[PDB]
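Shown next, in structure tokens, is the structure this report addresses.
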Amino acid sequence: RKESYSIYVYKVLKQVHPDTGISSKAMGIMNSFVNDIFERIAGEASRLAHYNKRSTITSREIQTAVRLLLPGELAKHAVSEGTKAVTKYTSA
DNA sequence: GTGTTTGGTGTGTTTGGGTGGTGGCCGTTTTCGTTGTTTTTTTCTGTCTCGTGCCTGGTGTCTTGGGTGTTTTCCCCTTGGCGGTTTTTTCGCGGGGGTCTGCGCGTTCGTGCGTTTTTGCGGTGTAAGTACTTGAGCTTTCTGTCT
Numbered sequence: 033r034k035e036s037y038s039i040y041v042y043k044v045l046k047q048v049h050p051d052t053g054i055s056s057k058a059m060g061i062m063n064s065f066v067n068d069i070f071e072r073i074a075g076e077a078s079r080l081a082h083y084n085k086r087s088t089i090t091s092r093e094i095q096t097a098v099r100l101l102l103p104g105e106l107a108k109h110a111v112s113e114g115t116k117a118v119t120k121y122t123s124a
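Take the authors' numbering: the last position of the first sequence gets the number 124, and nothing is skipped along the way.
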């Protein structure tokens, strides 16, 4: 039962485009994409942590990594989204 | 332009097989209290970067000469392109065989974690003779007494 991001990418698609489906080949592309972005961000956060002699990866490390990797408006909106989500989550 | 006339998008009906939706369940996310620590916080020292100031002259830079090398034009000679025909092998489906990749079960020895030992690496705890000083001995005078 080798695990994947499929259910979520289909949930998000159904939210943004209720009448649009997804081929298996394109679904594979999305899984690869998610995995790749995950590894870019986590790796940058790891480097940041090591440089500053810290042992925990917190939201600050992730935010900075996002700012370093995502170009322009992609970064600005991603940061907004991430901040909104961690705000909503802490205040439950 | 007028004109034919090969290429390409729009239209319709038909097929199917591949995506979406649902049932079953199990394994992974969580709800909880406790531990232990990696933060964060404040307060310290005191490094290093910013700021200014003066003087020198290496460098920048404005400008005249000019010449050469880039831009365009004319001509060519040729080598890719488009087409027709023949070749052939890529590819498709089916069948057969075997290797080797993955699960599971058993373990042993290899590494992490610890107390401990240690070298490098680095901080700094004799006999003389002269000059000077000091302590013992006795003067003046002045102040009190006293006939």
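Idealized CB from N, CA, C, for every residue including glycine.
Alpha carbon of residue i to alpha carbon of residue j, nearest angstrom
i           : j           : result
residue 105 : residue 111 : 10 Å
residue 109 : residue 34  : 32 Å
residue 116 : residue 56  : 32 Å
residue 85  : residue 60  : 37 Å
residue 54  : residue 40  : 13 Å
residue 114 : residue 62  : 20 Å
residue 36  : residue 79  : 26 Å
Cβ neighbour criterion (16 or more within 10 Å) applied to residue i
i          : result
residue 98 : buried
residue 77 : buried
residue 93 : buried
Endpoints, alpha helix (DSSP H) assigned at residue i
i           : result
residue 122 : 105–122
residue 49  : Here residue 49 belongs to no alpha helix (DSSP H), and DSSP marks it neither H nor E.
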